[PDB]
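Chemist: Quick one: experimental structure and sequence below.
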Amino acid sequence: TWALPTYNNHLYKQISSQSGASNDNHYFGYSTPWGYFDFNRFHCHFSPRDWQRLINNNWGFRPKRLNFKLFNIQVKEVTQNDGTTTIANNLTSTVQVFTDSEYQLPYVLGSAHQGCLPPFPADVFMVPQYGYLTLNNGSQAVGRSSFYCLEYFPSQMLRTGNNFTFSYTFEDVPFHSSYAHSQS
Amino acid sequence: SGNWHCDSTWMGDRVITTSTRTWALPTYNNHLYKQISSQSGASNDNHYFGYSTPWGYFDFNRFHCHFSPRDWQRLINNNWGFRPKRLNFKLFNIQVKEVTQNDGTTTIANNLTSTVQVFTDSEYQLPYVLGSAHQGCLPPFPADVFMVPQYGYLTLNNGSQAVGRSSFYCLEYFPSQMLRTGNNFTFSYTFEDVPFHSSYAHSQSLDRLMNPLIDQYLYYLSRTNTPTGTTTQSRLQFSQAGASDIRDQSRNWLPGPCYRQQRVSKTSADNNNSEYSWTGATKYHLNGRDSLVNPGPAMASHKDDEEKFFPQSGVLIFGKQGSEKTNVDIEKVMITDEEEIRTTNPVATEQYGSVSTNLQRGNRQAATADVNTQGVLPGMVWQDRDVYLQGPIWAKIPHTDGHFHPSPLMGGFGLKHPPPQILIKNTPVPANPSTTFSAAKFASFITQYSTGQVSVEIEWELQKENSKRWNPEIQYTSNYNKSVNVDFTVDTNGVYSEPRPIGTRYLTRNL
Amino acid sequence: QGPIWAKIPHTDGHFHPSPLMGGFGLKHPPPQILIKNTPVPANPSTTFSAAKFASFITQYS
């Protein structure tokens, strides 16, 4: 179960280093309202038991396909009259979602950031904000630097009572090695 | 969405029942598992290691959920035996409520599409909680609305210490079907073939089974001394079993097994002046932890004259209506008593008999000892306990290789594959989440609860009464009381009550 | 708890593309999925305002 706040009050931002005089540490980048949930880690998929059962009996393994389905979307509106915090459900107010199979965006995952689906299924987690960096010098940004407006892609629209699926396929890749050799 | 069904129809051989109730499910432990153990209050026999979960489960194991006292009466008189066949189950009319208190004002706002999830398991892969006869049955009386009990289970341990053998579960790991308002749920189950229960008590006791008139042809040792010698005694003599001697007459089959119990009088004057009961208290044990013997092997409570005495343990002691939770005196609680099994099974308080000891000779005088315990032996028969009404229905045979005649000791039908449990849970709905990222587990939530209706239907199968007896029977009848207080009916203020338990053995068959 | 797959940086130069946190280097990893609420405006001004209209209603899903 996932919960999505609203970031930066719906507006892009330029973010850079504070210029704290460390030249090796500087960055030039953009924070966006877009959320993305990113599963790259095992314990999301495998329970310690199944891990144990697989790890003993198999030489190697690789993925083949994967399927993905959202469902049961709903929206909540918080409003505080004076100090009373109140949450009123709403309908037909829409959420929009798009993937890209064309690999046209900066690719954020792979740096092993926290925010995986929680190890333990009981807990409910927030979705991480997006963002990315770009070429720069200190605070200065080159003319080579790029920029994006994510709305520029054909996002499918979702409203309560609607679900979303897409089927993917992994390309053929050599098996991983689960074994260690018996002779040096 | 569904049509309320509470009713029973008589097909002859089979009889169908259905009942329906309204249920309400809170949210337990704020949606998080917990380790629970004993407080370590220094009593080593009392310790536990277990896990409490948010999951609710509603569990019907008792009769009075299914049968109304009338139908009970009508079935109990006319049938030798009965067992279930199938059962059908249907939820419907689910809805959700959200309570929110602004200042001190408690307000409940209905909501839609917020989902409840439910799964059964026909694969028997979970700890099996029912069968210990916990309270929380569907209320006896259909008018009332009841909360669903929280779940939980125990595991191997030592004191507070838990072994490495101990296990754990995450229930979300199963394919729960999802339910949203306007959706209903059904599954059809089937009971496996199991012997009929016995509703009858025999009309003739074992020892007295014989022909009065005809003498059997075997003999027995009559008298040692002719009289005299005396020092030379006398040669053995022989007589025949006859109408005059019932005891010496010979019998094929031996009464059932026994275990001793302690005799407690109702009269405090007769009961032992000093303290007993755990002095005391016949027990068995595992792993150095003595478990007091709760209702045990079947056996008869009392002989004819006493009626005051009752077994200290085996007899089921129910409470009456409005009973106290602790330190309640007897007059508020009902004692069940079985005098009807005197035909076969032994008396509880008494010994099983006497047994030879020494191997006699001229100077060696015979010696015997009262046998305090007897196991099963070839050529033995015994009767199963009564099921009463508020008593349990079925229990699960522990899945194991070792078995002998799997009859539960609270009475009922041992099933190899009992009706699967059903578990139910609300879907957690998050509170206002933090704006910036927080590495925390996000413990905030919105309070709510749900409710709906549940329709349980069982199809019984019967065996009709063929009895050829001449003289009139014994039937169960509520009568002879002119009191203003009516049985099985609400008081003036609407609180239901049950006067006394109702056993199943009324009719009669010859042995 | 370690990572699963990482993307080969799309380039001509390669030698034996095995990520250094361990995993499966993919030429075409599972695509990302992005998700956003639709902004719902607060009470707008009666008369025209040249401003970008920064008011909004707070919510989450």
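Modeler: Thanks, I have the structure now. Residues are numbered from 1 along each chain as shown, chains lettered A, B, ... in the order given.
Chemist: Please identify the buried residues of stretch A:36-52?
Modeler: By 16 or more other C-beta atoms under 10 Å in any protein chain shown, the buried positions in stretch A:36-52 come out as A:36, A:37, A:38, A:40, A:41. Every C-beta, even on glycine, is put in place using the N, C-alpha and C of the backbone.
Chemist: Strands - which of those land there?
Modeler: Within the buried residues of stretch A:36-52, residues falling in strands by DSSP state E are residue A:36.
Chemist: and the buried residues of stretch A:36-52 as a markdown table, adding distance to residue A:54?
Modeler: Listed next are the buried residues of stretch A:36-52 as a markdown table, based on distance: C-beta to C-beta, whole Å:
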| residue | distance to residue A:54 |
| --- | --- |
| A:36 | 29 |
| A:37 | 25 |
| A:38 | 23 |
| A:40 | 19 |
| A:41 | 16 |
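Chemist: which among the buried residues of stretch A:36-52 are in contact with chain C?
Modeler: Taking C-beta under 8 Å from any C-beta of the partner chain, the overlap between these and the neighbourhood of chain C is A:36, A:37, A:38, A:40, A:41.
Chemist: give the contact list for the second one.
Modeler: Which is residue A:37. Residues near residue A:37 by C-beta atoms under 8 Å, 6 or more residues apart in numbering or on different chains: A:2, A:115, A:117, A:127, A:128, C:33, C:35.
Chemist: Equivalent analysis for the third one, please.
Modeler: Contacts for residue A:38 were tallied using C-beta under 8 Å, 6+ apart; they are A:108, A:109, A:113, A:115, A:116, A:128, C:32.
Chemist: farthest pair in the buried residues of stretch A:36-52?
Modeler: Largest separation among the buried residues of stretch A:36-52 by C-beta to C-beta: A:36 and A:41, giving 15.1 Å.
Chemist: quick one: the helices in chain A?
Modeler: For chain A, the helices defined by DSSP state H cover A:48-57.
Chemist: Strands along that one, start to end?
Modeler: A:2-3, A:13-16, A:28-36, A:65-70, A:75-81, A:84-90, A:95-99, A:125-126, A:129-133, A:156-158, A:164-169.
Chemist: For the first one, enumerate the helices and strands it packs against.
Modeler: Using 3 or more C-beta pairs under 8 Å, 6 or more residues apart in numbering or on different chains; DSSP states H and E as the contact definition, the elements that strand A:2-3 packs against are strand A:125-126.
Chemist: Off-centre distance for the strand it packs on?
Modeler: Per C-alpha atoms, centre = their mean, to the nearest Å, the displacement of strand A:125-126 from the mean C-alpha position of its chain is 11 Å.
Chemist: contact partners of that strand?
Modeler: A:1-5, A:115, A:117-118, B:433-434, B:437-438, B:442.
Chemist: repeat that for 6 Å
Modeler: Residues from elsewhere that reach strand A:125-126, judged by C-beta atoms under 6 Å, 6 or more residues apart in numbering or on different chains: A:3, A:118, B:433.
Chemist: How about stretch A:42-60 and chain C, any contact?
Modeler: Yes: against chain C, stretch A:42-60 shows contacts by C-beta under 6 Å from any C-beta of the partner chain at residue A:43.
Chemist: how long is that stretch from one end to the other?
Modeler: 15 Å (C-alpha to C-alpha, to the nearest Å).
Chemist: can you check stretch A:39-51 too?
Modeler: End-to-end distance for stretch A:39-51: 17 Å, by C-alpha to C-alpha.
Chemist: and if you look at stretch A:22-33?
Modeler: End-to-end for stretch A:22-33, by C-alpha to C-alpha: 29 Å.
Chemist: hmm, it touching chain B?
Modeler: No: Stretch A:22-33 is not in contact with chain B by C-beta under 6 Å from any C-beta; minimum separation 11.3 Å.
Chemist: which residues sit against that stretch?
Modeler: The set of residues external to stretch A:22-33 that reach it, using C-beta under 6 Å, 6+ apart, is A:7-8, A:10, A:12-13, A:15-17, A:130-134, A:136, A:138, A:141, C:36.
Chemist: and chain A, which residues reach chain B?
Modeler: Taking C-beta under 6 Å from any C-beta as the contact definition, chain A meets chain B at A:3, A:5, A:72, A:78, A:84, A:89, A:121, A:123, A:124, A:126.
Chemist: ok, and the most crowded of these?
Modeler: The most crowded member of the residues of chain A next to chain B is residue A:126, carrying 23 neighbours; neighbours defined as other C-beta atoms under 10 Å in any protein chain shown.
Chemist: May I have the beta-bridge partners of that residue?
Modeler: On the basis of DSSP bridges, residue A:126 is bridged to residue A:3.
Chemist: and the residue nearest to residue A:141 when sequence neighbours are not counted, how many neighbours does it have?
Modeler: Distances taken as C-beta to C-beta, 6 or more residues apart in numbering or on different chains put residue A:28 closest to residue A:141, at 4.9 Å, once the chain neighbours are dropped. A total of 19 residues lie near residue A:28 under the criterion other C-beta under 10 Å.
Chemist: Buried only: go through the contacts of residue A:37 for me.
Modeler: Here, 16+ other C-beta under 10 Å leaves A:115, A:117, A:127, A:128, C:33, C:35 buried among those.
Chemist: For chain B, state which of the residues you listed is nearest.
Modeler: For the buried ones among the contacts of residue A:37, the residue nearest chain B by C-beta to the nearest C-beta is residue A:128; the value is 6.3 Å.
Chemist: Wait, that closest one touches residue A:115, no?
Modeler: Yes: assessed by C-beta atoms under 6 Å, residue A:128 is found in contact with residue A:115 at 4.2 Å.
Chemist: which residues sit in contact with residue A:111?
Modeler: Going by C-beta under 6 Å, 6+ apart, the list of residues near residue A:111 is empty.
Chemist: which parts of chain A sit against chain C?
Modeler: So far as C-beta under 6 Å from any C-beta goes, chain A lies against chain C at A:4-6, A:10, A:33-36, A:40-41, A:43, A:75-78, A:94-97, A:99-101, A:107, A:110, A:112, A:168, A:173.
Chemist: contacting residues around residue A:88?
Modeler: Contacts of residue A:88 were listed using C-beta under 6 Å, 6+ apart, and they are residue A:77.
Chemist: same question, residue A:68
Modeler: residue A:166.
Chemist: Look up which residues are beta-bridged to it.
Modeler: Applying DSSP bridges to residue A:68 gives these bridge partners: residue A:166.
Chemist: Skipping its backbone neighbours, what lies nearest residue A:164 in space?
Modeler: residue A:70 (4.5 Å).
Chemist: Ok, residue A:148 next?
Modeler: In space, residue A:148 is closest to residue A:105, 7.0 Å off (C-beta to C-beta, 6+ apart).
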